[PDB]
Amino acid sequence: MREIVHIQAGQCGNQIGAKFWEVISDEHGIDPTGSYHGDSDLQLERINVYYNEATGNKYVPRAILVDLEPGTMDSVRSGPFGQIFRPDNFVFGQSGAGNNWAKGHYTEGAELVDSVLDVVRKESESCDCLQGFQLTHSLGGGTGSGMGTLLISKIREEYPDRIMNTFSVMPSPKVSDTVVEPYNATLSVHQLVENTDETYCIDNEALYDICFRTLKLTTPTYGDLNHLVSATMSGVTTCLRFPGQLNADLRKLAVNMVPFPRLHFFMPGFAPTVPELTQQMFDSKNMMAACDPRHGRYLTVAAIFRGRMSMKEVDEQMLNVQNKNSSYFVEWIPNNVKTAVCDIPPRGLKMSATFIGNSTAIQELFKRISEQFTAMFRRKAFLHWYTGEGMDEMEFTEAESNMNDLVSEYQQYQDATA
Amino acid sequence: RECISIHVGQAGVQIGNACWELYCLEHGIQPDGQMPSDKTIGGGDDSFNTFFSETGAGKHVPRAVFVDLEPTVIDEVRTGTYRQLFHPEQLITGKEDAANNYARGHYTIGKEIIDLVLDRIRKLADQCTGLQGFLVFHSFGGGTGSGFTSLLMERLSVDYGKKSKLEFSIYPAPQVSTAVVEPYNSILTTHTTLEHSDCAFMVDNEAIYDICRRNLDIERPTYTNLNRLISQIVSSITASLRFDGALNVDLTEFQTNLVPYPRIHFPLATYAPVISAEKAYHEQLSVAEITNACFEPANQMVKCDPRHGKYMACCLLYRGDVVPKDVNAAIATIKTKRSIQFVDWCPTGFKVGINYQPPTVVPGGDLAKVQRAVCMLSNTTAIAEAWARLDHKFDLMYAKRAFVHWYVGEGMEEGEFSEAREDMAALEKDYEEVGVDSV
Ligand SMILES: COc1cc(OC)c(Cl)c(-n2c(-c3ccccc3)cc(=O)c(C)c2-c2ccc(F)cc2)c1
Ligand SMILES: Nc1nc2c(ncn2[C@@H]2O[C@H](COP(=O)(O)OP(=O)(O)OP(=O)(O)O)[C@@H](O)[C@H]2O)c(=O)[nH]1
Ligand SMILES: Nc1nc2c(ncn2[C@@H]2O[C@H](COP(=O)(O)OP(=O)(O)O)[C@@H](O)[C@H]2O)c(=O)[nH]1
Ligand SMILES: [Ca+2]
Ligand SMILES: [Ca+2]
Ligand SMILES: [Ca+2]
Ligand SMILES: [Ca+2]
Ligand SMILES: [Mg+2]
Ligand SMILES: [Mg+2]
Numbered sequence: 001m002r003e004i005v006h007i008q009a010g011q012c013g014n015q016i017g018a019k020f021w022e023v024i025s026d027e028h029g030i031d032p033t034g035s036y037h038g039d040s041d042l043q044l045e046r047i048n049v050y051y052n053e054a055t056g057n058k059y060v061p062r063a064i065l066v067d068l069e070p071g072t073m074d075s076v077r078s079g080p081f082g083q084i085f086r087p088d089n090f091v092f093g094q095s096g097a098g099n100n101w102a103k104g105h106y107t108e109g110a111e112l113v114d115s116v117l118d119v120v121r122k123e124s125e126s127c128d129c130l131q132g133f134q135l136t137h138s139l140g141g142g143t144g145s146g147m148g149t150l151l152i153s154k155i156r157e158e159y160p161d162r163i164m165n166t167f168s169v170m171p172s173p174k175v176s177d178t179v180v181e182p183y184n185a186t187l188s189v190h191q192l193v194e195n196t197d198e199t200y201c202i203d204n205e206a207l208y209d210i211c212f213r214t215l216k217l218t219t220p221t222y223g224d225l226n227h228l229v230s231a232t233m234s235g236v237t238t239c240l241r242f243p244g245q246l247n248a249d250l251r252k253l254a255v256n257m258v259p260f261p262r263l264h265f266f267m268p269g270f271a272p285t286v287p288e289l290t291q292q293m294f295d296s297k298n299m300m301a302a303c304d305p306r307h308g309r310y311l312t313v314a315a316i317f318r319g320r321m322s323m324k325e326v327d328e329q330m331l332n333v334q335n336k337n338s339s340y341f342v343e344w345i346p347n348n349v350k351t352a353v354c355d356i357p358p367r368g369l370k371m372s373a374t375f376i377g378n379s380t381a382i383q384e385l386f387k388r389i390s391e392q393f394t395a396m397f398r399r400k401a402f403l404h405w406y407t408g409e410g411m412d413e414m415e416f417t418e419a420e421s422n423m424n425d426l427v428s429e430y431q432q433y434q435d436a437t438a
Numbered sequence: 002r003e004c005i006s007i008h009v010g011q012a013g014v015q016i017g018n019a020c021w022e023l024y025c026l027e028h029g030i031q032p033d034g035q036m037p038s039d040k041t042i043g044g045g046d047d048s049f050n051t052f053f054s055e056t057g058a059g060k061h062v063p064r065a066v067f068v069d070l071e072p073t074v075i076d077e078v079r080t081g082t083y084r085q086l087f088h089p090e091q092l093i094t095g096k097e098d099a100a101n102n103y104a105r106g107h108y109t110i111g112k113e114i115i116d117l118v119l120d121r122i123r124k125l126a127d128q129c130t131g132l133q134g135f136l137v138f139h140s141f142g143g144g145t146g147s148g149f150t151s152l153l154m155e156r157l158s159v160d161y162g163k164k165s166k167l168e169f170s171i172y173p174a175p176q177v178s179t180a181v182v183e184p185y186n187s188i189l190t191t192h193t194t195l196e197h198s199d200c201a202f203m204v205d206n207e208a209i210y211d212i213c214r215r216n217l218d219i220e221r222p223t224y225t226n227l228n229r230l231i232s233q234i235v236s237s238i239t240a241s242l243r244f245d246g247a248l249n250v251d252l253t254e255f256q257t258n259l260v261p262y263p264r265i266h267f268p269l270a271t272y273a274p275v276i277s278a279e280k281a282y283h284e285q286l287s288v289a290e291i292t293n294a295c296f297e298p299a300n301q302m303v304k305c306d307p308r309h310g311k312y313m314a315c316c317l318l319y320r321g322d323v324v325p326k327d328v329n330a331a332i333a334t335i336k337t338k339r340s341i342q343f344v345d346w347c348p349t350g351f352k353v354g355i356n357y358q359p360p361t362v363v364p365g366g367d368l369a370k371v372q373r374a375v376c377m378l379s380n381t382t383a384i385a386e387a388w389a390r391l392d393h394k395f396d397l398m399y400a401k402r403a404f405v406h407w408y409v410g411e412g413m414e415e416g417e418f419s420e421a422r423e424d425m426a427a428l429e430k431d432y433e434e435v436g437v438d439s440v
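From first to last, the protein sequence lines stand for chains B and C. Mapping of the first sequence onto the entry's author numbering: residues 1 to 272, 285 to 358, 367 to 438, in sequence order. Take the position in the second sequence, starting the count at 1, then add 1; the result is the number in the entry's author numbering.
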């Protein structure tokens with residue numbers, strides 16, 4: 001009825017997206033064949049938000065799968081739920097992007113982008129009232145990084161009055177596997193600042209420390225990290241997939257979270285009594301982005317509690333943390349912490373808490389990236405790979421300036437008083 | 002996503018003979034081309050199909066071309082154990098070699114056969130749904146390896162434009178050099194090819210020679226011994242293209258992460274572990290141990306001291322019993338060591354990949370079958386030491402114009418010798434500019 005269109009781009013985006021659909025299909029009682037085998041009926045009241053209903057009461061995800069190389073596309077179809085996706089919604093190239101942002105955005109992704117929008121258009125015309133789009137991808141590669149922001153720019157031109165969400169894996173402070181990630185990330189951030197309403201910042205080093213220190217996974221894998229992201233992605237979309245009134249659609253969420261248009265980058269969190289849950293979700297060690305909330309101030313916050321619990325206890329415990337740590341909440345946005353509760357818990369857990377914070381501490385991430393980027397660009401290192409695809413140097417300078425502006429803006433409000 | 006190998010001269014052909022032998026053992030391809038495990042007959046989009054084409058009869062044919070200007074070397078292939086593997090058109094031979102003369106390989110004898118080579122290459126390319134680039138195996142020192150390869154590289158740039166070309170070159174070594182003019186041939190081919198190759202992996206025969214003696218107790222190595230060891234480096238690099246995996250690199254990826262500047266595209270490989278069966282016995286080596294071995298100068302493939310230079314990019318290709326957690330810890334330790342210096346314009350300086358297929362050893366070889374191995378491709382400024390040694394030898398002879406008449410007799414002008422040497426002078430200068438700390 002208020003339908004969302006999902007897109008996953010690149011090896012990272014598709015892997016994360018696939019486990020997202022595994023989590024919520026289970027939560028809504030959909031099996032790999034697309035048939036409902038659930039217990040409660042709240043599972044279906046808002047199923048049409050993320051699923052199309054097709055002949056035979058089979059539910060097919062409203063998902064589009066994209067990548068410039070077919071490899072990860074074939075792994076998605078062989079996975080547990082790979083049977084559920086609409087086979088015509090697999091839009092893949094053969095070349096790959098080679099960690100080159102220009103290839104995904106300008107040359108190799110350009111040849112494939114129209115084939116993607118044709119699937120997007122076909123899904124959107126089948127919506128009673130299209131709500132917005134969400135994208136999963138990484139900013140360090142070339143396909144999800146470069147081609148992802150191209151799709152975002154193209155989609156806005158066809159649907160300029162629709163909300164655009166993204167789940168973006170950011171480069172990490174100390175762990176990297178690609179040399180040119182400072183270039184690819186800085187070029188994508190420039191796009192996201194301008195063409196997205198809400199972006200969730202995820203970095204793998206924080207996820208890995210959780211997997212290794214807290215969950216005690218002695219040899220974590222991208223498989224283990226992705227299970228964390230999919231659990232979080234389920235939590236942040238609970239208010240969109242189950243009956244409720246608070247942040248019940250993408251626009252209402254954005255209006256409560258984004259005081260200033262360019263500062264729409266969020267720090268997610270997940271946990272794991286009621287007092288225990290509330291303490292964890294606020295802890296730095298439960299954040300999926302490598303930024304300390306104690307190094308900034310929260311402009312806005314959204315907490316989602318799932319399972320059967322005493323709302324009185326929850327309401328009382330949320331207020332204590334706010335009144336306990338008044339220094340870390342802006343004084344000029346009154347009542348900027350909003351709490352929602354859903355009776356449906358996740367699988368394996370009886371009580372969960374998901375955290376969405378718009379903290380000025382996120383500037384630290386954009387500073388890390390800017391420092392690395394300038395160190396390369398002052399010497400024009402690795403630049404021939406990009407100018408060789410047709411880019412000019414000034415596209416790099418502008419991307420750097422915009423992020424430096426974004427860092428300045430975050431500091432501006434971190435020190436503002438009443 | 003397909004690659005065509007071109008093996009030029011004795012060194013390139015004989016190297017390819019070892020590499021393709023290893024590929025067949027890694028994929029279970031028999032000397033007659035049959036691969037029983039393959040159930041898609043006559044075709045397929047399998048990972049091994051990037052290097053092997055298929056016929057309706059179930060044969061698996063290398064996407065390779067062998068070229069030499071004299072038939073002695075390639076005739077072994079035509080009659081060897083793996084003779085059935087290659088279609089006769091793939092093996093190309095003239096009748097009169099280049100006589101250690103770059104000019105004969107490039108102008109006099111080379112032009113006689115260049116057009117035929119391109120035609121056979123073009124027939125391989127037409128058998129492609131999508132072609133990544135070319136892999137060119139040759140030697141800097143030989144007349145055919147230097148003279149004809151340079152002509153082929155230039156022609157490939159025309160017929161295929163900016164499409165990738167990667168070289169595997171053999172740096173001269175007095176231990177086994179069969180020519181006094183090898184310095185001339187190397188400076189000339191490097192200059193002529195310098196702007197056509199996107200990435201060139203050099204191997205110093207002297208380094209291989211010392212590694213075989215030391216690590217494999219080989220008292221007096223032969224080309225057979227050396228070539229098998231080169232095959233392991235070539236196998237590791239291509240492993241990410243031939244075997245199917247989620248943590249792979251491709252030609253485009255690791256090019257984009259190794260080459261910061263077009264002319265600075267000469268990494269030196271390092272392989273680990275290189276061990277004899279006696280020492281391997283009751284001795285298993287960890288991911289961290291082989292990772293540390295890559296930064297020890299003793300194990301390098303070009304005689305140079307990376308400690309006296311700076312790293313601009315490292316590509317670590319692990320294969321075998323390797324887990325991500327081990328890899329991350331090993332690279333984490335390297336980033337703490339101060340004896341390993343990176344330029345100040347490369348904060349993120351590690352490309353990483355894992356393939357889970359274990360290394361293979363040819364029967365009767367000297368290397369032990371290990372469970373996990375690693376190849377590191379590092380672009381360090383120390384490689385310029387190799388250029389300096391070879392430019393000095395060029396200068397000593399050219400100062401007296403020694404042997405230059407053989408090249409002028411085949412059409413060349415003295416200008417090409419200074420022009421080429423000035424290009425090497427600029428390259429030697431470029432390698433020190435990039436090593437200077439930023440303002
Ligand atoms: C982000 O850059 C990386 C660098 C790196 O080694 C320095 C590794 Cl091992 C990984 N990595 C890989 C992997 C990636 C590319 C090639 C081979 C292996 C697979 C995998 O399952 C997990 C969990 C990780 C990982 C992630 C975040 C960490 F904090 C620690 C380890 C990622
Ligand atoms: N590693 C290795 N190096 C070789 C081999 N064969 C020759 N070389 C080296 O190659 C150089 C000489 O070039 P060759 O390959 O023999 O000559 P060519 O390429 O056949 O060209 P022509 O001399 O004109 O016939 C010397 O530096 C040798 O050390 C080999 O089988 N393995
Ligand atoms: N969480 C997660 N991140 C990944 C995965 N694969 C790659 N990444 C991230 O994405 C970057 C590599 O980009 P990649 O996904 O290959 O980009 P692509 O070229 O668009 O496919 C790395 O820095 C990783 O942090 C995965 O399976 N899971
Ligand atoms: Ca094309
Ligand atoms: Ca069209
Ligand atoms: Ca097949
Ligand atoms: Ca077959
Ligand atoms: Mg010869
Ligand atoms: Mg990869």
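The beta-carbon is built from N, C-alpha and C at its ideal position, and this holds for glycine as well.
Out of the options, state which residue places its alpha-carbon closest to the alpha-carbon of residue i.
{"i": "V116 of chain B", "options": "B:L207, B:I64 and B:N100", "result": "B:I64"}
{"i": "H139 of chain C", "options": "C:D218, C:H393, C:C347 and C:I7", "result": "C:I7"}
{"i": "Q15 of chain C", "options": "C:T73, C:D33, C:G144 and C:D46", "result": "C:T73"}
{"i": "residue 273 of chain B", "options": "B:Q434, B:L240, B:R156 and B:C12", "result": "Residues lacking coordinates in chain B include everything strictly between 272 and 285, among them residue 273 of chain B."}
{"i": "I75 of chain C", "options": "C:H28, C:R105 and C:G13", "result": "C:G13"}
{"i": "residue 273 of chain B", "options": "B:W101, B:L139, B:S138 and B:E158", "result": "This structure gives no coordinates for residue 273 of chain B. The numbering of chain B moves from 272 immediately to 285."}
{"i": "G146 of chain C", "options": "C:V177, C:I93, C:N226 and C:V68", "result": "C:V68"}
{"i": "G96 of chain B", "options": "B:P87, B:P358 and B:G142", "result": "B:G142"}
CB-CB under 6 Å to residue i, same chain, minus the five flanking residues each way: which ones, in chain order?
{"i": "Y200 of chain B", "result": "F167, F266 and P268"}
{"i": "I24 of chain B", "result": "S234"}
{"i": "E413 of chain B", "result": "none"}
Identify every residue that forms a DSSP beta bridge with residue i.
{"i": "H137 of chain B", "result": "B:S168"}
{"i": "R373 of chain C", "result": "C:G321"}
{"i": "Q8 of chain B", "result": "B:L65 and B:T136"}
{"i": "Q35 of chain C", "result": "C:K60"}
{"i": "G269 of chain B", "result": "B:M299 and B:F375"}
{"i": "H8 of chain C", "result": "C:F67 and C:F138"}
{"i": "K350 of chain B", "result": "B:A314"}
{"i": "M203 of chain C", "result": "C:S170 and C:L269"}
{"i": "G354 of chain C", "result": "C:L318"}
Could you check what DSSP says for residue i in three-state terms: helix, strand or coil?
{"i": "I345 of chain B", "result": "coil"}
{"i": "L167 of chain C", "result": "strand"}
{"i": "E411 of chain C", "result": "coil"}
{"i": "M321 of chain B", "result": "coil"}
{"i": "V91 of chain B", "result": "strand"}
{"i": "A185 of chain B", "result": "helix"}
{"i": "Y340 of chain B", "result": "helix"}
Excluding the five sequence neighbours on either side, which residues of its own chain have a C-beta within less than 8 Å of the C-beta of residue i, listed in chain order?
{"i": "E111 of chain B", "result": "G93"}
{"i": "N256 of chain B", "result": "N247, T312, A314 and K350"}
By Cβ distance, which residues of its chain are closer than 7 Å to residue i, with the 5 residues on each side in sequence left out?
{"i": "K326 of chain C", "result": "none"}
{"i": "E207 of chain C", "result": "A174, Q176 and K304"}
Would you call the stretch 201-220 of chain C and the stretch 417-437 of chain C touching, i.e. three or more CB-CB distances under 8 Å?
In short, these stretches do not touch, since the Cβ pair count stays below three.
Would you say the stretch 339-354 of chain C touches the stretch 311-321 of chain C, given that touching needs at least three Cβ pairs under 8 Å?
With a cut-off of 8 Å, the stretch 311-321 of chain C and the stretch 339-354 of chain C count as touching, because enough Cβ pairs lie within range.
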